[PDB]
Structures are given as C-alpha cells and as structure tokens.
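With TSV, C-alpha atoms and all ligand atoms inside, this is coords15.tsv:
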```tsv
chain	number	residue	atom	x	y	z
A	1	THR	CA	24.05	-16.70	-23.24
A	2	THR	CA	22.32	-15.66	-20.04
A	3	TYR	CA	21.35	-12.35	-21.68
A	4	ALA	CA	19.82	-14.22	-24.63
A	5	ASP	CA	17.90	-16.37	-22.15
A	6	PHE	CA	16.59	-13.18	-20.50
A	7	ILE	CA	15.38	-11.90	-23.87
A	8	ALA	CA	13.82	-15.32	-24.54
A	9	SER	CA	11.84	-15.18	-21.27
A	10	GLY	CA	9.61	-12.42	-22.62
A	11	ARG	CA	9.86	-10.68	-19.24
A	12	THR	CA	12.02	-7.70	-20.24
A	13	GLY	CA	9.22	-5.12	-19.92
A	14	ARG	CA	7.58	-3.70	-16.84
A	15	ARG	CA	6.52	-6.55	-14.56
A	16	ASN	CA	3.17	-6.68	-12.84
A	17	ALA	CA	2.66	-7.62	-9.24
A	18	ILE	CA	0.99	-10.97	-8.67
A	19	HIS	CA	-2.82	-11.18	-8.41
B	1	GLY	CA	41.45	-7.50	13.68
B	2	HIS	CA	40.06	-5.72	10.64
B	3	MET	CA	40.11	-2.26	12.27
B	4	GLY	CA	42.66	-0.30	14.25
B	5	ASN	CA	41.67	1.84	17.22
B	6	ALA	CA	40.61	4.99	15.37
B	7	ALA	CA	38.57	3.16	12.75
B	8	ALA	CA	36.84	0.94	15.32
B	9	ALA	CA	35.95	3.93	17.50
B	10	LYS	CA	34.64	5.87	14.50
B	11	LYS	CA	32.50	2.95	13.33
B	12	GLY	CA	31.11	2.36	16.81
B	13	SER	CA	30.23	6.02	17.22
B	14	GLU	CA	28.58	6.13	13.80
B	15	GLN	CA	26.46	3.09	14.62
B	16	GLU	CA	25.37	4.59	17.94
B	17	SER	CA	24.45	7.83	16.18
B	18	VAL	CA	22.21	5.87	13.80
B	19	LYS	CA	20.37	4.44	16.81
B	20	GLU	CA	19.92	7.94	18.19
B	21	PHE	CA	18.61	9.26	14.85
B	22	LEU	CA	16.17	6.37	14.45
B	23	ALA	CA	14.79	6.77	17.96
B	24	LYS	CA	13.93	10.40	17.23
B	25	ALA	CA	12.57	9.52	13.79
B	26	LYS	CA	10.26	6.91	15.32
B	27	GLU	CA	8.89	9.39	17.86
B	28	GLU	CA	8.17	11.84	15.02
B	29	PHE	CA	6.54	9.16	12.85
B	30	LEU	CA	4.31	7.95	15.69
B	31	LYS	CA	3.01	11.49	16.37
B	32	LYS	CA	1.97	11.92	12.72
B	33	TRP	CA	0.65	8.37	12.50
B	34	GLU	CA	-1.76	9.18	15.33
B	35	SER	CA	-2.71	12.68	14.08
B	36	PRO	CA	-2.80	12.56	10.27
B	37	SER	CA	-3.24	15.53	7.95
B	38	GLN	CA	-6.22	15.73	5.61
B	39	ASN	CA	-8.18	17.84	3.11
B	40	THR	CA	-5.44	20.29	2.15
B	41	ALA	CA	-6.43	21.29	-1.44
B	42	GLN	CA	-9.05	20.88	-4.19
B	43	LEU	CA	-9.14	19.72	-7.81
B	44	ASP	CA	-9.71	23.06	-9.53
B	45	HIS	CA	-6.47	24.27	-7.91
B	46	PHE	CA	-4.52	22.32	-10.58
B	47	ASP	CA	-4.25	22.05	-14.36
B	48	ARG	CA	-3.87	18.44	-15.49
B	49	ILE	CA	-1.03	18.14	-17.99
B	50	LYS	CA	-0.09	14.55	-18.82
B	51	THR	CA	-0.36	10.97	-17.59
B	52	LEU	CA	2.88	9.61	-16.10
B	53	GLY	CA	1.63	6.06	-15.43
B	54	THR	CA	-1.48	3.93	-15.11
B	55	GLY	CA	-2.66	0.90	-13.23
B	56	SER	CA	-5.86	-1.09	-12.87
B	57	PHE	CA	-7.60	1.39	-10.52
B	58	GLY	CA	-5.69	4.66	-10.79
B	59	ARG	CA	-3.37	6.90	-12.73
B	60	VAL	CA	-0.68	9.41	-11.89
B	61	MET	CA	-0.63	12.73	-13.74
B	62	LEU	CA	1.67	15.69	-13.99
B	63	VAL	CA	-0.31	18.68	-12.77
B	64	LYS	CA	0.43	22.38	-12.37
B	65	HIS	CA	-0.80	24.37	-9.39
B	66	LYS	CA	-2.59	27.30	-11.04
B	67	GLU	CA	-1.78	30.02	-8.53
B	68	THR	CA	1.91	29.23	-8.06
B	69	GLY	CA	2.81	27.48	-11.31
B	70	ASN	CA	4.44	24.67	-9.32
B	71	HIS	CA	4.36	21.19	-10.83
B	72	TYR	CA	3.36	18.07	-8.89
B	73	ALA	CA	2.43	14.45	-9.54
B	74	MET	CA	-1.22	13.69	-8.74
B	75	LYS	CA	-2.36	10.12	-8.15
B	76	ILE	CA	-6.06	9.76	-8.96
B	77	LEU	CA	-7.91	6.71	-7.61
B	78	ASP	CA	-11.44	5.80	-8.71
B	79	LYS	CA	-13.30	5.01	-5.48
B	80	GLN	CA	-15.61	2.47	-7.12
B	81	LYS	CA	-12.71	0.64	-8.78
B	82	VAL	CA	-10.75	0.59	-5.51
B	83	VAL	CA	-13.73	-1.13	-3.87
B	84	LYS	CA	-14.21	-3.61	-6.72
B	85	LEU	CA	-10.53	-4.60	-6.74
B	86	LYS	CA	-10.43	-5.09	-2.94
B	87	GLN	CA	-7.93	-2.26	-2.37
B	88	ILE	CA	-9.68	-0.10	0.28
B	89	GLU	CA	-7.29	-0.98	3.10
B	90	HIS	CA	-4.18	-0.66	0.89
B	91	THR	CA	-5.29	2.75	-0.38
B	92	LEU	CA	-6.03	4.18	3.08
B	93	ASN	CA	-2.82	2.65	4.42
B	94	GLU	CA	-0.69	4.12	1.61
B	95	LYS	CA	-1.98	7.61	2.34
B	96	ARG	CA	-1.49	7.19	6.08
B	97	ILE	CA	2.11	6.04	5.59
B	98	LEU	CA	2.93	8.84	3.15
B	99	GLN	CA	1.54	11.46	5.55
B	100	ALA	CA	3.59	10.14	8.47
B	101	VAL	CA	7.06	9.25	7.08
B	102	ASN	CA	9.89	11.73	6.46
B	103	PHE	CA	13.13	10.71	4.74
B	104	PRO	CA	15.09	12.20	1.82
B	105	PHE	CA	14.44	9.23	-0.51
B	106	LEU	CA	10.70	8.87	0.28
B	107	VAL	CA	8.37	10.97	-1.85
B	108	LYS	CA	6.59	13.78	-0.06
B	109	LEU	CA	2.82	14.11	-0.01
B	110	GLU	CA	2.07	17.80	-0.53
B	111	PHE	CA	-1.74	17.75	-0.62
B	112	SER	CA	-4.57	15.27	-0.45
B	113	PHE	CA	-8.33	15.55	-0.98
B	114	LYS	CA	-11.33	13.67	-2.33
B	115	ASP	CA	-14.53	14.39	-4.23
B	116	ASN	CA	-17.71	12.53	-5.16
B	117	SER	CA	-15.84	10.06	-7.40
B	118	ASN	CA	-12.10	10.01	-6.73
B	119	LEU	CA	-9.30	10.16	-4.18
B	120	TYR	CA	-6.33	12.44	-4.90
B	121	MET	CA	-2.78	12.43	-3.55
B	122	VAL	CA	-0.62	15.31	-4.77
B	123	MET	CA	3.06	14.47	-4.40
B	124	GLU	CA	6.38	15.88	-5.49
B	125	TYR	CA	7.04	15.56	-9.21
B	126	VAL	CA	10.20	13.52	-9.81
B	127	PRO	CA	11.30	14.44	-13.32
B	128	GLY	CA	13.96	11.80	-14.03
B	129	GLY	CA	11.42	9.02	-14.51
B	130	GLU	CA	11.72	5.37	-13.57
B	131	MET	CA	15.00	3.62	-12.92
B	132	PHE	CA	13.57	0.80	-15.06
B	133	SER	CA	13.75	2.85	-18.26
B	134	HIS	CA	17.32	4.04	-17.64
B	135	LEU	CA	18.47	0.53	-16.77
B	136	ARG	CA	16.96	-1.07	-19.88
B	137	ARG	CA	18.35	1.74	-22.06
B	138	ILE	CA	21.91	1.79	-20.67
B	139	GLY	CA	21.82	-2.02	-20.33
B	140	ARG	CA	23.46	-2.31	-16.92
B	141	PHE	CA	24.92	0.04	-14.35
B	142	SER	CA	28.61	-0.12	-13.43
B	143	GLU	CA	29.26	-1.25	-9.86
B	144	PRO	CA	29.84	2.28	-8.47
B	145	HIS	CA	26.60	3.44	-10.12
B	146	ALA	CA	24.63	0.46	-8.80
B	147	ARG	CA	26.22	1.00	-5.37
B	148	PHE	CA	25.11	4.65	-5.22
B	149	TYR	CA	21.48	3.58	-5.69
B	150	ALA	CA	21.84	0.53	-3.43
B	151	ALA	CA	23.14	2.69	-0.59
B	152	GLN	CA	20.01	4.84	-0.73
B	153	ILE	CA	17.80	1.75	-0.55
B	154	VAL	CA	19.80	0.41	2.41
B	155	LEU	CA	19.29	3.67	4.31
B	156	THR	CA	15.62	3.85	3.32
B	157	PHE	CA	14.96	0.31	4.53
B	158	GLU	CA	16.94	0.94	7.72
B	159	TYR	CA	14.57	3.89	8.31
B	160	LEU	CA	11.36	2.04	7.37
B	161	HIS	CA	12.24	-1.06	9.37
B	162	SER	CA	12.92	1.05	12.47
B	163	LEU	CA	9.27	2.15	12.15
B	164	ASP	CA	8.22	-1.50	11.85
B	165	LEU	CA	7.26	-0.96	8.20
B	166	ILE	CA	7.95	-3.75	5.72
B	167	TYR	CA	8.11	-2.42	2.17
B	168	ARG	CA	7.48	-5.44	-0.13
B	169	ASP	CA	7.31	-3.54	-3.46
B	170	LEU	CA	10.96	-3.02	-4.45
B	171	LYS	CA	11.85	-3.21	-8.17
B	172	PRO	CA	13.25	-0.76	-10.77
B	173	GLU	CA	9.74	-0.04	-12.07
B	174	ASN	CA	8.93	1.50	-8.66
B	175	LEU	CA	12.00	3.71	-8.18
B	176	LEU	CA	12.18	7.22	-9.63
B	177	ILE	CA	15.24	9.39	-10.23
B	178	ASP	CA	15.15	13.04	-9.20
B	179	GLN	CA	16.79	16.05	-10.82
B	180	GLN	CA	19.94	15.53	-8.71
B	181	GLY	CA	20.18	11.84	-9.60
B	182	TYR	CA	18.94	10.49	-6.26
B	183	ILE	CA	16.22	7.87	-5.70
B	184	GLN	CA	12.59	8.54	-4.80
B	185	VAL	CA	10.38	5.72	-3.46
B	186	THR	CA	6.70	6.43	-4.15
B	187	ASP	CA	4.54	3.31	-3.78
B	188	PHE	CA	3.28	2.22	-0.35
B	189	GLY	CA	0.20	0.14	-1.15
B	190	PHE	CA	1.98	-3.10	-0.20
B	191	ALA	CA	3.79	-1.68	2.85
B	192	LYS	CA	2.60	-2.88	6.24
B	193	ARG	CA	3.26	-2.19	9.89
B	194	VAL	CA	4.79	-5.50	11.00
B	195	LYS	CA	6.86	-5.79	14.16
B	196	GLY	CA	6.77	-9.59	13.96
B	197	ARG	CA	5.48	-11.58	11.01
B	198	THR	CA	2.92	-11.33	8.26
B	199	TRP	CA	1.51	-13.76	5.68
B	200	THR	CA	0.12	-12.09	2.53
B	201	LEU	CA	1.25	-13.32	-0.86
B	202	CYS	CA	2.20	-10.07	-2.52
B	203	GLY	CA	4.97	-8.76	-4.75
B	204	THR	CA	6.41	-9.36	-8.19
B	205	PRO	CA	7.67	-12.84	-9.19
B	206	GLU	CA	11.33	-11.95	-9.83
B	207	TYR	CA	11.57	-10.09	-6.47
B	208	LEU	CA	9.71	-12.55	-4.19
B	209	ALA	CA	11.65	-14.02	-1.30
B	210	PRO	CA	11.55	-17.82	-0.96
B	211	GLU	CA	9.60	-17.70	2.29
B	212	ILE	CA	6.79	-15.76	0.55
B	213	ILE	CA	6.68	-18.28	-2.30
B	214	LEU	CA	6.60	-21.12	0.22
B	215	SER	CA	3.58	-19.63	2.03
B	216	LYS	CA	5.41	-19.04	5.31
B	217	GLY	CA	4.95	-16.35	7.86
B	218	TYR	CA	7.65	-13.84	7.01
B	219	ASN	CA	9.30	-10.70	8.31
B	220	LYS	CA	11.30	-7.65	7.20
B	221	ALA	CA	14.05	-9.97	5.90
B	222	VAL	CA	12.05	-10.19	2.65
B	223	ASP	CA	13.09	-6.60	1.93
B	224	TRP	CA	16.78	-7.53	2.27
B	225	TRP	CA	16.25	-10.41	-0.18
B	226	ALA	CA	14.60	-7.96	-2.59
B	227	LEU	CA	17.58	-5.61	-2.21
B	228	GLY	CA	19.80	-8.47	-3.37
B	229	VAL	CA	17.59	-8.95	-6.44
B	230	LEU	CA	17.71	-5.21	-7.17
B	231	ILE	CA	21.49	-4.92	-6.84
B	232	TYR	CA	21.95	-7.98	-9.06
B	233	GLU	CA	19.60	-6.59	-11.72
B	234	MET	CA	21.19	-3.13	-11.64
B	235	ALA	CA	24.68	-4.57	-12.05
B	236	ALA	CA	23.84	-7.36	-14.55
B	237	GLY	CA	21.01	-5.77	-16.53
B	238	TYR	CA	18.78	-8.78	-15.82
B	239	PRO	CA	17.54	-10.29	-12.55
B	240	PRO	CA	19.00	-13.39	-10.89
B	241	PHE	CA	15.90	-15.55	-11.40
B	242	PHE	CA	13.89	-15.41	-14.61
B	243	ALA	CA	11.96	-17.75	-16.90
B	244	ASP	CA	9.00	-17.74	-19.28
B	245	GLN	CA	6.48	-18.46	-16.55
B	246	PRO	CA	6.30	-17.44	-12.89
B	247	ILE	CA	6.25	-21.04	-11.61
B	248	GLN	CA	9.67	-21.65	-13.18
B	249	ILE	CA	10.92	-18.42	-11.58
B	250	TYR	CA	9.70	-19.67	-8.20
B	251	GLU	CA	11.52	-22.99	-8.60
B	252	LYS	CA	14.77	-21.10	-9.22
B	253	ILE	CA	14.23	-18.74	-6.27
B	254	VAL	CA	13.70	-21.54	-3.75
B	255	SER	CA	16.57	-23.69	-5.12
B	256	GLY	CA	19.43	-21.99	-3.24
B	257	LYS	CA	21.39	-21.59	-6.50
B	258	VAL	CA	22.30	-18.28	-8.13
B	259	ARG	CA	24.80	-17.64	-10.94
B	260	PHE	CA	26.67	-14.41	-11.67
B	261	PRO	CA	28.12	-12.65	-14.72
B	262	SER	CA	31.88	-12.92	-15.03
B	263	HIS	CA	32.20	-9.13	-14.70
B	264	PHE	CA	30.80	-9.10	-11.14
B	265	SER	CA	33.49	-8.38	-8.57
B	266	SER	CA	34.12	-10.95	-5.85
B	267	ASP	CA	32.96	-8.40	-3.27
B	268	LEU	CA	29.64	-8.01	-5.10
B	269	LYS	CA	29.16	-11.79	-5.38
B	270	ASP	CA	29.83	-12.21	-1.68
B	271	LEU	CA	27.29	-9.56	-0.74
B	272	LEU	CA	24.69	-11.04	-3.09
B	273	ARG	CA	25.17	-14.59	-1.80
B	274	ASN	CA	24.50	-13.27	1.71
B	275	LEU	CA	21.40	-11.26	0.68
B	276	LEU	CA	20.02	-13.95	-1.67
B	277	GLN	CA	20.28	-16.50	1.13
B	278	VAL	CA	17.32	-18.88	1.29
B	279	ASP	CA	18.16	-19.82	4.92
B	280	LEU	CA	16.75	-17.07	7.15
B	281	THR	CA	19.24	-17.86	9.93
B	282	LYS	CA	22.00	-16.79	7.55
B	283	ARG	CA	20.54	-13.88	5.55
B	284	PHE	CA	22.22	-10.52	5.91
B	285	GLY	CA	19.88	-7.99	7.44
B	286	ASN	CA	18.33	-10.73	9.59
B	287	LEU	CA	21.23	-11.57	11.91
B	288	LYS	CA	22.22	-10.28	15.36
B	289	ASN	CA	24.14	-7.35	13.85
B	290	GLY	CA	21.17	-6.27	11.75
B	291	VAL	CA	21.71	-3.75	8.98
B	292	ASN	CA	25.35	-3.34	10.00
B	293	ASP	CA	26.28	-6.62	8.27
B	294	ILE	CA	25.21	-4.95	5.02
B	295	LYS	CA	26.56	-1.45	5.65
B	296	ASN	CA	29.96	-2.78	6.80
B	297	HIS	CA	30.36	-5.22	3.90
B	298	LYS	CA	33.45	-4.79	1.73
B	299	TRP	CA	31.31	-3.90	-1.32
B	300	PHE	CA	30.19	-0.76	0.56
B	301	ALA	CA	33.65	0.13	1.90
B	302	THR	CA	33.81	3.32	-0.21
B	303	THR	CA	30.29	4.42	0.76
B	304	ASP	CA	30.04	7.50	3.02
B	305	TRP	CA	26.61	6.80	4.49
B	306	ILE	CA	26.15	10.28	6.01
B	307	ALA	CA	27.17	11.97	2.76
B	308	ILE	CA	24.57	9.90	0.87
B	309	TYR	CA	21.90	10.86	3.42
B	310	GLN	CA	22.93	14.54	3.16
B	311	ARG	CA	22.82	14.27	-0.64
B	312	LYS	CA	26.39	15.59	-0.87
B	313	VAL	CA	27.69	12.81	-3.15
B	314	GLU	CA	27.82	13.68	-6.84
B	315	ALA	CA	25.42	11.37	-8.61
B	316	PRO	CA	26.81	9.11	-11.37
B	317	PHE	CA	23.92	9.96	-13.68
B	318	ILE	CA	21.82	13.13	-14.06
B	319	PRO	CA	18.65	12.60	-16.15
B	320	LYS	CA	17.96	15.03	-18.96
B	321	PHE	CA	15.89	18.00	-17.80
B	322	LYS	CA	14.45	20.57	-20.22
B	323	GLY	CA	12.86	22.51	-17.35
B	324	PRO	CA	9.91	22.51	-14.95
B	325	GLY	CA	7.15	20.26	-16.23
B	326	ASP	CA	9.36	18.26	-18.61
B	327	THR	CA	7.89	14.74	-18.93
B	328	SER	CA	10.45	13.34	-21.39
B	329	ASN	CA	11.61	10.65	-18.94
B	330	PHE	CA	8.16	9.02	-18.61
B	331	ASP	CA	6.28	6.92	-21.12
B	332	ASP	CA	3.34	8.15	-23.14
B	333	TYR	CA	-0.04	6.81	-22.07
B	334	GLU	CA	-3.51	7.18	-23.50
B	335	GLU	CA	-5.18	10.15	-21.82
B	336	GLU	CA	-8.68	9.84	-20.37
B	337	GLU	CA	-10.98	12.50	-18.96
B	338	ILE	CA	-11.53	12.85	-15.21
B	339	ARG	CA	-15.29	12.42	-14.78
B	340	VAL	CA	-16.68	13.53	-11.41
B	341	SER	CA	-20.14	12.07	-10.86
B	342	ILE	CA	-23.11	14.05	-9.51
B	343	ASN	CA	-23.61	11.38	-6.82
B	344	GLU	CA	-21.05	10.69	-4.10
B	345	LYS	CA	-19.73	7.13	-4.28
B	346	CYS	CA	-18.44	5.08	-1.35
B	347	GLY	CA	-18.42	7.84	1.28
B	348	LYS	CA	-18.36	5.76	4.46
B	349	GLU	CA	-15.48	3.51	3.45
B	350	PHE	CA	-13.20	6.49	2.68
B	351	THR	CA	-14.12	8.70	5.65
B	352	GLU	CA	-10.55	8.46	6.90
B	353	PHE	CA	-8.99	9.58	3.61
C	401	LIG	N1	6.71	12.10	-10.13
C	401	LIG	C1	6.09	11.22	-9.75
C	401	LIG	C2	5.32	10.08	-9.32
C	401	LIG	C3	5.08	9.04	-10.21
C	401	LIG	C4	4.39	7.89	-9.80
C	401	LIG	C5	4.17	6.77	-10.75
C	401	LIG	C6	4.55	6.89	-12.08
C	401	LIG	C7	4.36	5.85	-12.97
C	401	LIG	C8	3.79	4.66	-12.54
C	401	LIG	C9	3.42	4.50	-11.22
C	401	LIG	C10	2.89	3.13	-10.75
C	401	LIG	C11	4.06	2.13	-10.80
C	401	LIG	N2	5.07	2.47	-9.79
C	401	LIG	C12	1.80	2.63	-11.72
C	401	LIG	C13	0.51	3.43	-11.55
C	401	LIG	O1	0.05	3.39	-10.19
C	401	LIG	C14	1.01	3.96	-9.30
C	401	LIG	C15	2.32	3.20	-9.32
C	401	LIG	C16	3.60	5.56	-10.32
C	401	LIG	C17	3.94	7.83	-8.48
C	401	LIG	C18	4.15	8.88	-7.60
C	401	LIG	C19	4.86	10.02	-7.98
C	401	LIG	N3	5.13	11.04	-7.07
C	402	CL	CL	7.18	-1.82	-20.51
```

Written as structure tokens, how would this file's structure read?
Amino acid sequence: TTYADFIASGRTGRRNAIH
Amino acid sequence: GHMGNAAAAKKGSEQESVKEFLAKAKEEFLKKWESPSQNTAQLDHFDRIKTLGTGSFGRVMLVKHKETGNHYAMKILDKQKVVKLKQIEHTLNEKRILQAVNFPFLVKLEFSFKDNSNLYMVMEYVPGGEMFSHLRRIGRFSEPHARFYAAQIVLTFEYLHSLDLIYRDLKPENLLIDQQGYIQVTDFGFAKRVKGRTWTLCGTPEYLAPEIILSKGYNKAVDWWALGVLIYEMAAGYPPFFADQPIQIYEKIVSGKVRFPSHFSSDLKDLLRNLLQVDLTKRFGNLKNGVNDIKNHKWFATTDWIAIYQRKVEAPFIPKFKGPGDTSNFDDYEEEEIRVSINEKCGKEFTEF
C-alpha cells in the first residue's frame, strides 16, 4: 500500500533541510 | 453565476478589506524594519529549564524569567558555529524579520541580547509542541482538522507575501500548536525579502517546488506549492512525493503526477491539483486573482477567514497542558551547559544583532 511504501522509505521521522 | 447579489457584494467587500488591512500592515512592518529593537534583556534574568529542540548551530530552551515567573522559549546560537556554518546573514535576517512582523500565527520575539559567546532570542513559549508529533501520533487529520490549520497558513502567507517575504521553510516539523490549538510559525532563517525572484537552493526535499529543484529563478509561488504538500500530508498522513533517496523524490516532484488516497474528497483533490501544479502559469496563488483563487475554492467554502484571524473558531484539537512550563509535548534532548567564554567572539559580524 502507499502507507507501507511510506514506511519503507525510511523518511517517517523529522526531515532535515538540504545542505 | 456562482453567487447571487448579496453573496457577491459581501465577497467583494471582504476582499477589498483585506487589501486595506495589508496596506496598513505593510506600513507598520516597514517602520519596524527600518528601526529595529535591540538589547532588551540579559542572560541572568532567566532560569534555563529544558531543551525543546536542537540543530547544528543552536538550541531552543524553555526558560523562566526569574522576576516574573513567566516562561519563554530561548533560542541560543553559538556565534563561532554560526560563522563556520555560513549562517551569519540568515541569523541576522531571522532576528530582523521577527522584530518587524506582527500577525497572530507568527511567534513573538519578546527579548533579544548577546554576550561574548552566544546570540539569544527570547520568544513566546508555545506549549503544544510540533504539529509533526501530533500528526505522526494520530496518523492523519480529518479534512476539517487539516482545513483549520491550512486556513491559518493561507492567511499567514497572504500577510508575509504582502510584505514581499517568501517563507520557504514550511513543513509539520516547523509548525507549533499553542494552548488554544492554533498554529505558531517560528523559523525565519530561510525567509527572504523578494519582490521578484530569487535563486537559492534551500528547503526540505519533500516540500521543494519543481522550479527550485530545476535550478530556476523562482518566486513566492513556491510557498503555495509547499502549502499543497502540507495539506496533502496533514490529510493523508504522508506527503505526496516520497522515496528512499532525495533524487527519487525530486523525479516524482517534477513529473507532474500526484496520486491521492481514496478517502480524499473531490474538493480536496481539486485544490491540491491546482496547488501542486508544476506549470507556474497555472498554479493557484500565482494567477491574476492571487490568493483569492485559494481562499474562494470550494474546499474552503465553510471557512470564516475573519473568525480564524480573530481566533474565535473552536479548535479541533487542544494539546494536553499540565500548566505553565509543561514540556510534555516536546521531545527529550541531551542537555548541555551554556559556556560563556572570557573572550568576545565575532563581535564585528554581529554588531547589528
Ligand atoms: N515554544 C517554542 C519555540 C520552539 C522552537 C523550536 C523547537 C524545536 C525545534 C526547533 C527547530 C526546528 N523547527 C530546530 C532547532 O533550531 C530551531 C528550529 C525550534 C523555536 C521557537 C520557539 N518559540
Ligand atoms: Cl524524529
């Protein structure tokens, strides 16, 4: 499912800004 | 047409009143922008209680003003680290913006000062913590709940854009919830005065507009794209574009394709397709009718914009609050002492702070 794909991305925590 | 006489007259009048409000707000902002406040407290005026968040050059702490007992959030920036990480201009700019803006969803700077080692900005304490935590815990927000927050962002961006400020740092991690359930925007390091275009690559992968990814000159329309990402994530529980690695996220963002959960209403999907529009000549917020294309969209038909601004709408969610100084809605961080060196560091560069 899309939710499972979100979990699989590893990007469920706080996201940093680039550089 | 879509409106009869009374409704059309009321909408027209409301839109003219917004113009009148924004013209006064700009005059007030420009006065403070030209004559900023400075040096309004000192460190031993406060007890440091607990760290609310950290970053690569600074931390934010809950503090208590000793004489009054009032709680505040104090951002502490290490001058030498700010220099090393190339953040002088952003740091001075953030303080200058915070001193000059005034809006119910923008955090208020109560004091600022500096010492031999650090810069300090003492702001309102916002006890409900980050939207991010509530969203991940609840999973997703129902459409009315997402809409309540979205409306506040729409008004906040309408205000900022009237001042020629682009925001560029929207995401749930950077939105706090106050004791009444309303939004507070706190971070202005990436904001810039831009009447026309600007070029810096900055932001967070999931929230970057295509024109930023594609290394174009861009304008305030990037904030309307980011609003689309935020509304989607609030209502779905996950953002529209995600992948293991940023490059794969960027490929999805620029593709012109977005998919929606089956529980999204048709009104929400229509709004999101118009905000998450790769083509700048078609993106809501960037057309001849400006912010009105967003505010007058069917998804916002139940939104009383003035009541939101006046904070007279009952919030859908009230964070837990055990009392003044309660930090339960923020994460726990390792605490570190505040060392003030015997030698001033970096005086000239921070003269304006
Ligand atoms: N109350 C309150 C309050 C809290 C913050 C805060 C809290 C947690 C993390 C952060 C950051 C991420 N947005 C990460 C650390 O550097 C600043 C930005 C900021 C800022 C200003 C305030 N007035
Ligand atoms: Cl996290």

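Atom CA of residue B:243 is positioned 11.6 Å from atom CA of residue A:4.
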
For a quick test of understanding: name the residues of chain B lying within 10 Å of chain A when counting only C-alpha atoms, and present them as a ChimeraX atom specification.
/B:55,132-133,136,169,171-174,201-208,236-246,259-261

Neighbouring residues of ligand LIG 401 (chain C) are defined here as those with any atom at most 6 Å from a ligand atom, counting all atoms listed in the file; list them as an mmCIF file with C-alpha atoms, keeping the file's coordinate frame.
```cif
data_model
loop_
_atom_site.group_PDB
_atom_site.id
_atom_site.type_symbol
_atom_site.label_atom_id
_atom_site.label_comp_id
_atom_site.auth_asym_id
_atom_site.auth_seq_id
_atom_site.Cartn_x
_atom_site.Cartn_y
_atom_site.Cartn_z
ATOM 1 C CA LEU B 52 2.880 9.610 -16.100
ATOM 2 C CA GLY B 53 1.630 6.060 -15.430
ATOM 3 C CA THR B 54 -1.480 3.930 -15.110
ATOM 4 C CA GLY B 55 -2.660 0.900 -13.230
ATOM 5 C CA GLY B 58 -5.690 4.660 -10.790
ATOM 6 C CA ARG B 59 -3.370 6.900 -12.730
ATOM 7 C CA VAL B 60 -0.680 9.410 -11.890
ATOM 8 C CA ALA B 73 2.430 14.450 -9.540
ATOM 9 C CA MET B 123 3.060 14.470 -4.400
ATOM 10 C CA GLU B 124 6.380 15.880 -5.490
ATOM 11 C CA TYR B 125 7.040 15.560 -9.210
ATOM 12 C CA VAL B 126 10.200 13.520 -9.810
ATOM 13 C CA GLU B 173 9.740 -0.040 -12.070
ATOM 14 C CA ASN B 174 8.930 1.500 -8.660
ATOM 15 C CA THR B 186 6.700 6.430 -4.150
ATOM 16 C CA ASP B 187 4.540 3.310 -3.780
#
```

Quick one: residues within 6 Å of (-15.0, 7.8, -8.1) (file frame), counting only C-alpha atoms, please, as a PyMOL selection string.
chain B and resi 78-80+117-118

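The space separating atom CA of residue B:83 from atom CA of residue B:119 comes to 12.1 Å.
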
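Atom CA of residue B:36 lies 9.4 Å from atom CA of residue B:352.
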